[PDB]
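Taking the form deposited in one PDB entry, here's one chain by itself in structure tokens.
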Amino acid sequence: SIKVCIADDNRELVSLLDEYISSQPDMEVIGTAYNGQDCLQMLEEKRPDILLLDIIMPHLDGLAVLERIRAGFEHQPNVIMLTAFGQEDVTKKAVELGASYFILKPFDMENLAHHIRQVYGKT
């Protein structure tokens, strides 16, 4: 059971991520946060294996959170930045500190091309 924590200030995205990760048979969601300060508070209690972290947030962004994780925590999760188009340059500083990243495209295409084939096939 891979234990995952989510921290992002887009409430719609956090909800989708929680649903998606919870549907995976080998993973579990053990906490969520909407800003950096609450993320750092969560990690002190839950010790997840994986943290999905928004790279840019007002006041305390994902790189400031990652720096605090590396400078003050004994137990650190593997951090995966959530990066949208145009945010790649800022993500690169976080990869220099050892995080990994996931390019988050705006709309979900899963199963579209399968559905298209099913429709086309029936005619």
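Rigid core here is just the name for the largest C-alpha set that superposes within 1.5 Å across the two forms. Sequential numbering from 1, following the sequence displayed.
Unshown form deposited in another entry; subsequent notes refer to it.
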Core aligned, does the CA of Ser23 move at least 2 Å between this form and the one not shown?
-> no
C-alpha of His115: shift of 2 angstroms or more between this form and the one not shown, rigid core aligned?
-> yes
Align both forms on the core first, then report whether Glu88 has a C-alpha shift of 2 Å or more between this form and the one not shown.
-> yes
Could you tell me whether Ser15 and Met109 have their C-alpha atoms closer or farther apart in the other entry than in the shown form, knowing the shift is 3 angstroms or more?
-> closer
Closer or farther: the CA pair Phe107/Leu82 in the other entry, versus this form, with a change of 3 Å or more?
-> closer
